[PDB]
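Single-structure report; data block below.
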Amino acid sequence: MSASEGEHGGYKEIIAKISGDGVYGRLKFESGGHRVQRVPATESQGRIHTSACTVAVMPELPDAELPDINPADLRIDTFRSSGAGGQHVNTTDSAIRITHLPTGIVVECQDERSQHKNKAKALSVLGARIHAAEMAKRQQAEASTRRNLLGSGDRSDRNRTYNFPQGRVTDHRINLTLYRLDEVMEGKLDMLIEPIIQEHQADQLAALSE
Amino acid sequence: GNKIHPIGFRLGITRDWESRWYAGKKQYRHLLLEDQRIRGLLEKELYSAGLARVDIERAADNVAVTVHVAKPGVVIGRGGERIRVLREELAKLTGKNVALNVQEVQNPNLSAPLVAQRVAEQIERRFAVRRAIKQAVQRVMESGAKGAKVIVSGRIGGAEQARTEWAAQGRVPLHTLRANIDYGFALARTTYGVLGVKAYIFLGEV
Amino acid sequence: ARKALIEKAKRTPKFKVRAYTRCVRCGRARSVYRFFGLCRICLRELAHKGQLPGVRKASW
RNA sequence: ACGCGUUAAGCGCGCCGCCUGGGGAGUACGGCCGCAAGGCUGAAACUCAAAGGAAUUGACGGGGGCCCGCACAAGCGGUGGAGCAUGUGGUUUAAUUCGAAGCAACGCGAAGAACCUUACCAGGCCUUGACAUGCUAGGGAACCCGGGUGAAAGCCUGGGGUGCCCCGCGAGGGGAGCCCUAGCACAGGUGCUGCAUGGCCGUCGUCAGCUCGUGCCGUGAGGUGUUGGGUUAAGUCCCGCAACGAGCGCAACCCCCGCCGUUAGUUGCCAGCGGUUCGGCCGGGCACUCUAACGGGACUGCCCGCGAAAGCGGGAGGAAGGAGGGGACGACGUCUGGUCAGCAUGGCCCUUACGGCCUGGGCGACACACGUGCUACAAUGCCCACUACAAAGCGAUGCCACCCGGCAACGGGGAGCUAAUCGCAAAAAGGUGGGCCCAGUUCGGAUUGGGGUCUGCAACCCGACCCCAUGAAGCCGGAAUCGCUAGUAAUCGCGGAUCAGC
RNA sequence: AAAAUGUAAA
RNA sequence: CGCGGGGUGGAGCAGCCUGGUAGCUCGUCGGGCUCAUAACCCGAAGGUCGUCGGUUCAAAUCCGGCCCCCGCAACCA
Ligand SMILES: [Mg+2]
Ligand SMILES: [Mg+2]
Ligand SMILES: [Mg+2]
Ligand SMILES: [Mg+2]
Ligand SMILES: [Mg+2]
Ligand SMILES: [Mg+2]
Ligand SMILES: [Mg+2]
Ligand SMILES: [Mg+2]
Ligand SMILES: [Mg+2]
Ligand SMILES: [Mg+2]
Ligand SMILES: [Mg+2]
Ligand SMILES: [Mg+2]
Ligand SMILES: [Mg+2]
Ligand SMILES: [Mg+2]
Ligand SMILES: [Mg+2]
Ligand SMILES: [Mg+2]
Ligand SMILES: [Mg+2]
Ligand SMILES: [Mg+2]
Ligand SMILES: [Mg+2]
Ligand SMILES: [Mg+2]
Ligand SMILES: [Mg+2]
Ligand SMILES: [Mg+2]
Ligand SMILES: [Mg+2]
Ligand SMILES: [Mg+2]
Ligand SMILES: [Mg+2]
Ligand SMILES: [Mg+2]
Ligand SMILES: [Mg+2]
Ligand SMILES: [Mg+2]
Ligand SMILES: [Mg+2]
Ligand SMILES: [Mg+2]
Ligand SMILES: [Mg+2]
Ligand SMILES: [Mg+2]
Ligand SMILES: [Mg+2]
Ligand SMILES: [Mg+2]
Ligand SMILES: [Mg+2]
Ligand SMILES: [Mg+2]
Ligand SMILES: [Mg+2]
Ligand SMILES: [Mg+2]
Ligand SMILES: [Mg+2]
Ligand SMILES: [Mg+2]
Ligand SMILES: [Mg+2]
Ligand SMILES: [Mg+2]
Ligand SMILES: [Mg+2]
Ligand SMILES: [Mg+2]
Ligand SMILES: [Mg+2]
Ligand SMILES: [Mg+2]
Ligand SMILES: [Mg+2]
Ligand SMILES: [Mg+2]
Ligand SMILES: [Mg+2]
Ligand SMILES: [Mg+2]
Ligand SMILES: [Mg+2]
Ligand SMILES: [Mg+2]
Ligand SMILES: [Mg+2]
Ligand SMILES: [Mg+2]
Ligand SMILES: [Mg+2]
Ligand SMILES: [Mg+2]
Ligand SMILES: [Mg+2]
Ligand SMILES: [Mg+2]
Ligand SMILES: [Mg+2]
Ligand SMILES: [Mg+2]
Ligand SMILES: [Mg+2]
Ligand SMILES: [Mg+2]
Ligand SMILES: [Mg+2]
Ligand SMILES: [Mg+2]
Ligand SMILES: [Mg+2]
Ligand SMILES: [Mg+2]
Ligand SMILES: [Mg+2]
Ligand SMILES: [Mg+2]
Ligand SMILES: [Mg+2]
Ligand SMILES: [Mg+2]
Ligand SMILES: [Mg+2]
Ligand SMILES: [Mg+2]
Ligand SMILES: [Mg+2]
Ligand SMILES: [Mg+2]
Ligand SMILES: [Mg+2]
Ligand SMILES: [Mg+2]
Ligand SMILES: [Mg+2]
Ligand SMILES: [Mg+2]
Ligand SMILES: [Mg+2]
Ligand SMILES: [Mg+2]
Ligand SMILES: [Mg+2]
Ligand SMILES: [Mg+2]
Ligand SMILES: [Mg+2]
Ligand SMILES: [Mg+2]
Ligand SMILES: [Mg+2]
Ligand SMILES: [Mg+2]
Ligand SMILES: [Mg+2]
Ligand SMILES: [Mg+2]
Ligand SMILES: [Mg+2]
Ligand SMILES: [Mg+2]
Ligand SMILES: [Mg+2]
Ligand SMILES: [Mg+2]
Ligand SMILES: [Mg+2]
Ligand SMILES: [Mg+2]
Ligand SMILES: [Mg+2]
Ligand SMILES: [Mg+2]
Ligand SMILES: [Mg+2]
Ligand SMILES: [Mg+2]
Ligand SMILES: [Mg+2]
Ligand SMILES: [Mg+2]
Ligand SMILES: [Mg+2]
Ligand SMILES: [Mg+2]
Ligand SMILES: [Mg+2]
Ligand SMILES: [Mg+2]
Ligand SMILES: [Mg+2]
Ligand SMILES: [Mg+2]
Ligand SMILES: [Mg+2]
Ligand SMILES: [Mg+2]
Ligand SMILES: [Mg+2]
Ligand SMILES: [Mg+2]
Ligand SMILES: [Mg+2]
Ligand SMILES: [Mg+2]
């Protein structure tokens, strides 16, 4: 869905929705940094280099903006508008103030001479403002859950190493270190992701039973 | 890496085959296969002798292995007892009527295959490679040679970084056919890898 | 697969077609000049060495 | 150090001004000036382990001068486009074994993948092993024959010989050997690391370069020599020179070709004669051709011009002339180049398995991309008939004459040759004759149908070959790109290595 | 007159 | 609520007046150059025209409704 290619080669960023069965169950353990040691394709001379990439896997979550407002959780005030209008502006409660109770957010509108023309506008703005307020909440939740998962730093931020010269891949968490990297690069991840699943499940017994 | 073998380049020019016999076509590939096995036991047993060249001749059926050594005594033994069991093991494996033969090497400091051994042996015994090249190139030069040069490749001194290391005096016109030169290889086995030893001895043109 | 396979080569087979010629020195199966029973590399060395009778550096 | 040197940057004295690591910073604050722009005075925190001066040696330049290479240019033929062959990327798969990566990976390791090869895959298997050196305990005897189940490997299992050594009157006894069933040392690994290595190779480059000794210059790195003028393919020589020499390179010494000669005369050859069954075929002969071993030949020696020399430009005589053509030969080094999978090898790891055997599959997959190739698009062409002229190689586990059968691939018979005897062998472009008529054709030969031959235990995956039929894209190829300077390119066939066959 | 760029470990 | 404009390949705009026919620049994909990337050169793919109806032999094009976007208007008290 997004893919910022870094000239040659990659992907300076790529994002994918992996749909299926047991996806977040198995692909959960990739959240963190991945170190690579190899002679880079970009190398002028013949020096071995260390690099890293960050992976975040957030599960596919449900999401639904509330059915607009519902007048039950709302206080509406009516009153006289301020400024021009003559006879009519003084004897006519044409100003609206709708107070959305669950958030305390308030709009007022004394734009037009019609009270419901203003209630309409004040219901329009209040809508956009509670939506925009929840979107932002849901934003800096997603945007800050990644900050942790993704692991800001690099070269030294966690998880596992892929050494091409020695052919070893190794997970630093379970301290597993099987050096059949060829297959792992071909997607044969299970001889890696299954050890973590068991070791993590041994931290579940010893957790409320130890 | 690109230089030719000095012997291979001077066949029939300043150098003769270390095996001299005819063979039609039907039996060449086992005359030789045996021939090769002959230098097998010979080099293996006569290390102590300092064997410089094996000249295998073949008459009617019968073999005729001549052998050149620095110190001949090792080969012969008390009352010539090793030299007999020698030609014994030979006909025991060849199945063909054999031939003992030994002529010594007059000046051991003029046979590259000898020099190479003595070098590679030294570094097998943790001797300073650099100052031992100049030593060998001295003796070979001081022993009358018209030219001399020794080369050592591999992890010198046990160093992680392998390297070439050589010295030379006099001439070594390797391009010149008219020149006679002696070549000599040796392999220094070590607790830290393997180092190749090469010798060049220029014994004047002709 | 090395010394075990050089041994299959020596064994008289089950069918004549399964014959293959190995090197009589290094043990290579591919590129095998039959005149010597040698491989193309073993050949080259001994040739330079002068331990192969009569054969010399060609030139014309 | 560069340089300065009575116009000091020398040797001295007098006085003023100024500096005290780089960045922060000529910034901030304060003060003084200014219309303003701004100026004078002028910090600190913080941060770095350097900043910097000259000089040396390289490399580099969209710097210079002099040269050079199929580098451009001048030319002929090509790839890129088409169908096929093959190598690679990729994707795919149980596996599509591994390595190679711009030049210098990609018809490369592979100079022979159906099984074998085979390192991968699924599966049935074996555990001191397929191999080496030994050490054990029931300890039988070699080695031929067999049952058995099975896809084989394997696992189970039935008869024998009436062996051998010491020598015992003897009914048996202990030796050795190989095999035997367990056990222990150990074997084994194409498992990793070419960035721990040897060896060998690629490459800059057949480019003319790279250095040492001593001396001399410089505080030193270093310089001088190697530079300079001439000359050369060349650090090739010449002359010059605070340098004098030397080594590895260049050249020569080696092979092949072109000319002549000496030696040699069959299985080669045939010029004059003899026999002619009009055939080197018999007699006969070594002259020529040939074959193959030793020589001769070329030296800028000769002539003109120039030159200080080296030599350069021309001339002649010569088979050949200034290196006659071709090959063999690859400096100090550079690329952390290639290869641990040809072999070697330090360290690391696997141990009823990361070792071993077998059967079958795969390395030949196919939405795609590339490298190298083959065959074409036709008339300077294509088909059929006939008829000529080659060099190099191979072959008594082989090459096959020639009759016979077959449209053929080939098969059956069968002569000769271990071969300058005999054979593969037909050379093909060529020449002569006939046909084709500018057509998607008598161009083209991919695709596929049918029917067969040979090698192999076996051609489904997966072979080459033959016959009938089928008769695709292709009308000369976008951007772009390759080779070659003389017996070269283009074109035409022949042979060989590997190898049952391909 | 053409013609930008080459991160980070020996 | 009123009036005017608009929705066409991933982005940005033509074509509608006058019915038949889909264009431009960019991006993208494949092949070149280059040691490599870009610039540059060659070749290609990509929309079924907001959404429902209707007119017509035929609708991006003409007509009605709806949805989303844009500009204007909303005065006298
Ligand atoms: Mg690079
Ligand atoms: Mg890093
Ligand atoms: Mg919602
Ligand atoms: Mg609400
Ligand atoms: Mg109220
Ligand atoms: Mg007011
Ligand atoms: Mg009122
Ligand atoms: Mg009222
Ligand atoms: Mg009222
Ligand atoms: Mg108002
Ligand atoms: Mg880490
Ligand atoms: Mg690697
Ligand atoms: Mg590691
Ligand atoms: Mg699982
Ligand atoms: Mg080198
Ligand atoms: Mg070479
Ligand atoms: Mg040499
Ligand atoms: Mg010795
Ligand atoms: Mg075979
Ligand atoms: Mg001075
Ligand atoms: Mg003066
Ligand atoms: Mg003055
Ligand atoms: Mg002045
Ligand atoms: Mg003065
Ligand atoms: Mg002073
Ligand atoms: Mg100071
Ligand atoms: Mg400071
Ligand atoms: Mg100032
Ligand atoms: Mg200023
Ligand atoms: Mg202050
Ligand atoms: Mg101030
Ligand atoms: Mg002022
Ligand atoms: Mg003013
Ligand atoms: Mg002013
Ligand atoms: Mg101002
Ligand atoms: Mg200003
Ligand atoms: Mg060129
Ligand atoms: Mg050209
Ligand atoms: Mg490729
Ligand atoms: Mg490997
Ligand atoms: Mg059986
Ligand atoms: Mg072991
Ligand atoms: Mg490594
Ligand atoms: Mg090496
Ligand atoms: Mg290379
Ligand atoms: Mg040259
Ligand atoms: Mg060359
Ligand atoms: Mg000096
Ligand atoms: Mg100086
Ligand atoms: Mg010289
Ligand atoms: Mg001069
Ligand atoms: Mg006639
Ligand atoms: Mg006569
Ligand atoms: Mg005569
Ligand atoms: Mg004669
Ligand atoms: Mg001659
Ligand atoms: Mg003069
Ligand atoms: Mg002339
Ligand atoms: Mg010549
Ligand atoms: Mg010529
Ligand atoms: Mg030459
Ligand atoms: Mg290195
Ligand atoms: Mg290294
Ligand atoms: Mg290296
Ligand atoms: Mg075990
Ligand atoms: Mg005719
Ligand atoms: Mg004719
Ligand atoms: Mg010839
Ligand atoms: Mg043949
Ligand atoms: Mg043969
Ligand atoms: Mg046979
Ligand atoms: Mg045959
Ligand atoms: Mg016939
Ligand atoms: Mg007939
Ligand atoms: Mg017939
Ligand atoms: Mg017929
Ligand atoms: Mg026949
Ligand atoms: Mg017959
Ligand atoms: Mg016969
Ligand atoms: Mg013809
Ligand atoms: Mg057509
Ligand atoms: Mg068929
Ligand atoms: Mg058969
Ligand atoms: Mg087609
Ligand atoms: Mg045409
Ligand atoms: Mg046309
Ligand atoms: Mg035509
Ligand atoms: Mg010519
Ligand atoms: Mg840039
Ligand atoms: Mg930049
Ligand atoms: Mg770079
Ligand atoms: Mg260094
Ligand atoms: Mg308008
Ligand atoms: Mg209008
Ligand atoms: Mg408008
Ligand atoms: Mg509108
Ligand atoms: Mg509209
Ligand atoms: Mg439109
Ligand atoms: Mg758009
Ligand atoms: Mg417009
Ligand atoms: Mg419209
Ligand atoms: Mg209009
Ligand atoms: Mg492109
Ligand atoms: Mg580019
Ligand atoms: Mg319609
Ligand atoms: Mg239309
Ligand atoms: Mg419609
Ligand atoms: Mg429309
Ligand atoms: Mg509408
Ligand atoms: Mg208003
Ligand atoms: Mg008004
Ligand atoms: Mg009024």
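Numbering starts fresh at 1 for the residues of each chain in the structure tokens, the chains themselves are lettered A, B, ... in the order given, and ligands are numbered from 1 as they appear.
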Which of segment 10-189 of chain A counts as helix (DSSP H, G or I) under DSSP, as a PyMOL selection string please? chain A and resi 23-30+71-73+87-90+115-150+181-185
*asked:* Neighbours of ligand 71 at 10 Å or closer, counting only C-alpha atoms (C1' of nucleotides) and all ligand atoms: which residues, as a ChimeraX atom specification?
replied: /C:16 /D:397,500
Written selection (N, CA and C atoms (P, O5', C5', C4', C3', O3' and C1' of nucleotides)) as a PDB file, in the first residue's frame:
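Resulting contents of selection16.pdb:
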ATOM      1  N   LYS C  16      27.191 -52.348 -17.356  1.00  0.00           N
ATOM      2  CA  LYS C  16      28.411 -51.802 -17.953  1.00  0.00           C
ATOM      3  C   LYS C  16      28.328 -50.285 -18.162  1.00  0.00           C
TER       4      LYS C  16
ATOM      5  P     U D 397      41.571 -54.624 -29.385  1.00  0.00           P
ATOM      6  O5'   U D 397      40.404 -53.709 -28.805  1.00  0.00           O
ATOM      7  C5'   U D 397      39.067 -53.866 -29.251  1.00  0.00           C
ATOM      8  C4'   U D 397      38.157 -54.140 -28.086  1.00  0.00           C
ATOM      9  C3'   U D 397      36.894 -53.295 -28.025  1.00  0.00           C
ATOM     10  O3'   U D 397      35.842 -53.709 -28.889  1.00  0.00           O
ATOM     11  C1'   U D 397      37.969 -53.165 -25.953  1.00  0.00           C
ATOM     12  P     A D 500      31.739 -44.472 -22.538  1.00  0.00           P
ATOM     13  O5'   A D 500      31.187 -44.830 -23.990  1.00  0.00           O
ATOM     14  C5'   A D 500      31.390 -46.113 -24.554  1.00  0.00           C
ATOM     15  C4'   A D 500      30.096 -46.711 -25.048  1.00  0.00           C
ATOM     16  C3'   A D 500      29.255 -45.829 -25.956  1.00  0.00           C
ATOM     17  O3'   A D 500      29.684 -45.884 -27.306  1.00  0.00           O
ATOM     18  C1'   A D 500      27.879 -46.857 -24.308  1.00  0.00           C
TER      19        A D 500
END
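For chain E, the residues no farther than 12 Å from chain A when using only C-alpha atoms (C1' of nucleotides) are residues 6, 7, 8, 9 and 10 of chain E.
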Produce a file of the selected residues containing N, CA and C atoms (P, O5', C5', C4', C3', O3' and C1' of nucleotides), as a PDB file, in the first residue's frame.
ATOM      1  P     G E   6      28.432  12.634  -3.537  1.00  0.00           P
ATOM      2  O5'   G E   6      28.417  11.059  -3.726  1.00  0.00           O
ATOM      3  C5'   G E   6      27.286  10.290  -3.338  1.00  0.00           C
ATOM      4  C4'   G E   6      27.573   8.809  -3.402  1.00  0.00           C
ATOM      5  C3'   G E   6      28.895   8.370  -2.766  1.00  0.00           C
ATOM      6  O3'   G E   6      28.734   7.144  -2.050  1.00  0.00           O
ATOM      7  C1'   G E   6      28.836   7.721  -5.055  1.00  0.00           C
ATOM      8  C1'   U E   7      26.272   7.134   2.946  1.00  0.00           C
ATOM      9  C3'   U E   7      28.576   7.487   3.367  1.00  0.00           C
ATOM     10  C4'   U E   7      28.130   8.348   2.193  1.00  0.00           C
ATOM     11  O3'   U E   7      29.527   8.147   4.178  1.00  0.00           O
ATOM     12  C5'   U E   7      29.001   8.293   0.965  1.00  0.00           C
ATOM     13  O5'   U E   7      29.086   6.978   0.439  1.00  0.00           O
ATOM     14  P     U E   7      29.826   6.714  -0.944  1.00  0.00           P
ATOM     15  P     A E   8      30.975   7.504   4.409  1.00  0.00           P
ATOM     16  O5'   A E   8      30.740   6.469   5.589  1.00  0.00           O
ATOM     17  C5'   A E   8      30.075   6.871   6.772  1.00  0.00           C
ATOM     18  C4'   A E   8      29.391   5.705   7.427  1.00  0.00           C
ATOM     19  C3'   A E   8      30.240   4.460   7.583  1.00  0.00           C
ATOM     20  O3'   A E   8      31.089   4.530   8.706  1.00  0.00           O
ATOM     21  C1'   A E   8      28.152   3.868   6.673  1.00  0.00           C
ATOM     22  P     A E   9      32.684   4.490   8.519  1.00  0.00           P
ATOM     23  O5'   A E   9      33.115   3.262   9.440  1.00  0.00           O
ATOM     24  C5'   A E   9      32.599   1.951   9.231  1.00  0.00           C
ATOM     25  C4'   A E   9      33.688   0.930   9.428  1.00  0.00           C
ATOM     26  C3'   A E   9      34.340   0.391   8.155  1.00  0.00           C
ATOM     27  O3'   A E   9      35.710   0.128   8.448  1.00  0.00           O
ATOM     28  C1'   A E   9      33.494  -1.398   9.421  1.00  0.00           C
ATOM     29  P     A E  10      36.901   0.928   7.729  1.00  0.00           P
ATOM     30  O5'   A E  10      37.623  -0.217   6.885  1.00  0.00           O
ATOM     31  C5'   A E  10      39.039  -0.268   6.749  1.00  0.00           C
ATOM     32  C4'   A E  10      39.688  -0.893   7.956  1.00  0.00           C
ATOM     33  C3'   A E  10      41.059  -1.507   7.706  1.00  0.00           C
ATOM     34  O3'   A E  10      41.849  -1.353   8.887  1.00  0.00           O
ATOM     35  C1'   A E  10      39.576  -3.179   8.472  1.00  0.00           C
TER      36        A E  10
END
Exercise. Enumerate as a count of residues only the residues belonging to chain B that approach chain D to within 6 Å, with only C-alpha atoms (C1' of nucleotides) taken into account.
Key: 9
**Study point:** Selection within 12 Å of ligand 101 by only C-alpha atoms (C1' of nucleotides) and all ligand atoms, output as an NGL selection string
**Key:** :F and (5-8 or 15-17 or 49 or 59-63)
When distances are computed from only C-alpha atoms and all ligand atoms, which of A:60, A:182, A:21, A:77 shows the smallest separation from ligand 5?
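Of A:60, A:182, A:21, A:77, the one nearest ligand 5 is A:77, counting only C-alpha atoms and all ligand atoms.
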* Quote the spacing between atom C1' of residue 83 of chain D and atom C1' of residue 477 of chain D in Å to one decimal place. =>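 These two atoms are separated by 14.2 Å.
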Got a sec to pull out which chain D residues are within 6 Å of chain C, counting only C-alpha atoms (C1' of nucleotides), and send them as a PyMOL selection string?
chain D and resi 111+116+130+255-256+327-328+342-343+500
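The list of residues with at least one atom within 7 Å of residue 80 of chain A, based on only C-alpha atoms (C1' of nucleotides) and without residues fewer than 2 positions apart in the same chain, reads residues 82, 89, 90, 92, 93, 94 and 95 of chain A.
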Could you save those same residues with C-alpha atoms as a PDB file, in the first residue's frame?
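Contents of again_39.pdb, as written:
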ATOM      1  CA  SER A  82     -24.910  40.096  19.725  1.00  0.00           C
ATOM      2  CA  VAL A  89     -32.129  40.874  16.972  1.00  0.00           C
ATOM      3  CA  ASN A  90     -33.192  42.018  20.443  1.00  0.00           C
ATOM      4  CA  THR A  92     -35.254  36.797  19.121  1.00  0.00           C
ATOM      5  CA  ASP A  93     -33.293  33.964  20.731  1.00  0.00           C
ATOM      6  CA  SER A  94     -31.409  33.184  17.537  1.00  0.00           C
ATOM      7  CA  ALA A  95     -28.043  32.230  19.042  1.00  0.00           C
TER       8      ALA A  95
END
Original post:
So what do you get for atom CA of residue 55 of chain C versus atom CA of residue 26 of chain B, distance-wise?
Top reply: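 Rounded to one decimal, the two atoms are 16.6 Å apart.
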Within 8 Å of residue 67 of chain B using only C-alpha atoms (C1' of nucleotides), minus same-chain residues under 2 positions, as a PyMOL selection string: chain B and resi 51-55+65+69+101-103
Suppose we keep C-alpha atoms; can you now write the selection as a PDB file, in the first residue's frame?
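What follows is the written file part19.pdb:
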ATOM      1  CA  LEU B  51      66.203 -37.132  -2.098  1.00  0.00           C
ATOM      2  CA  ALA B  52      66.709 -34.580  -4.885  1.00  0.00           C
ATOM      3  CA  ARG B  53      65.440 -36.472  -7.957  1.00  0.00           C
ATOM      4  CA  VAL B  54      63.997 -39.866  -8.905  1.00  0.00           C
ATOM      5  CA  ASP B  55      65.000 -41.085 -12.399  1.00  0.00           C
ATOM      6  CA  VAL B  65      64.825 -46.600 -10.606  1.00  0.00           C
ATOM      7  CA  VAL B  69      70.617 -38.213  -2.407  1.00  0.00           C
ATOM      8  CA  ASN B 101      70.335 -47.580  -7.815  1.00  0.00           C
ATOM      9  CA  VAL B 102      71.945 -44.728  -5.862  1.00  0.00           C
ATOM     10  CA  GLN B 103      74.300 -41.903  -6.790  1.00  0.00           C
TER      11      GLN B 103
END
